[PDB]
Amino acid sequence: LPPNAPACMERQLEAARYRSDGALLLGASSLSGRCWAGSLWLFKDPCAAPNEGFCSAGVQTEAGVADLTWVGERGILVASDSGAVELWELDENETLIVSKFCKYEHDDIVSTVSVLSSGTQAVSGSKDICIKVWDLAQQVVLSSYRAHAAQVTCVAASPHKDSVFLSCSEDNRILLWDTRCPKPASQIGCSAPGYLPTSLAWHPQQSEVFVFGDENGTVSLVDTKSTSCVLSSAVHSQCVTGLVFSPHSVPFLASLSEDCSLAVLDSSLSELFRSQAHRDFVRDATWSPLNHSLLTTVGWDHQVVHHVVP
């Protein structure tokens, strides 16, 4: 086991994010028992994970990890239960993980983080109903927006536009944001108010199309342009927690639910693959940069699963 790396990874696996080189970022929370905290882990050998001894680097966070994102190749931006957004930085030798900054700007649990297209800015979402924009270099809040009227579930930055990000809330709003507009937010949704929106993913190539999951397990593909609810499938028996696009030219879409299932869907939203591997909540997915047919899922069952997709 490495120096500064704990003996024991917390049971509840929150996030799995592959870097460009194929190294695996792991976020975990302690959600029960005496101590309610979290941990950040780096596995240069992804197949060793979750075993702590065979880890490249690991650190303990003061509190649990609600969300995570890579900041380039050595940066890790963290949504903490503490209401802090914290910046953690990889070592030159990448043998330990060090806190760059921890700012307690959110009045409640930071639920969601995304890095904007520049990599010098991020958006945070919290149960405190506020969405914040971060100057990562000066480590401050540029803007704080109370657009929503309930807890913010997801924030997802545009692939290529540093002013554009989606947000969804239990106020049943999907908001399309552009910080260039004096009124930055715009309500986007199908004709009928429907089930609460839970999960968000921009199309990687198509900068004006995204997909959202709902609390009823429906996955939906949306065109800002047509502003029509184009395609919807009942993919899950429960809440859609996460939506991740494959690195493929025509991308595959990974769907993860509290139903403890993973599904992989074509661009038409039809189902290619299904894994019942997890025996608790499925929290994240990252496709291997190296082999684009390989997909890693993590769950509260502390399982790190590696899937081969047909």
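When you see a residue number, it is the position in the sequence shown, counting from 1.
- The stretch with the higher mean CA B factor, choosing between 271-279 and 30-38, is 271-279.
- As listed in the deposited structure, the average C-alpha B-factor of 186-194 and of 167-175 is greater for 186-194.
- Each of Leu243, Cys260, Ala49, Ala66 has a CA temperature factor in the record; the biggest one is found at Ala49.
- Sort the modelled residues of the chain by CA B factor and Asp214 lands in the lowest third.
- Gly72: CA B factor lies in the highest third for its chain, per the PDB record.
- Annotation for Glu92: C-alpha temperature factor in the highest third relative to the rest of the modelled chain, per the entry.
- Sorting the modelled residues of the chain by their CA temperature factor places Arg180 in the lowest third.
- When the modelled residues of the chain are ordered by their C-alpha B factor, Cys229 lands in the highest third.
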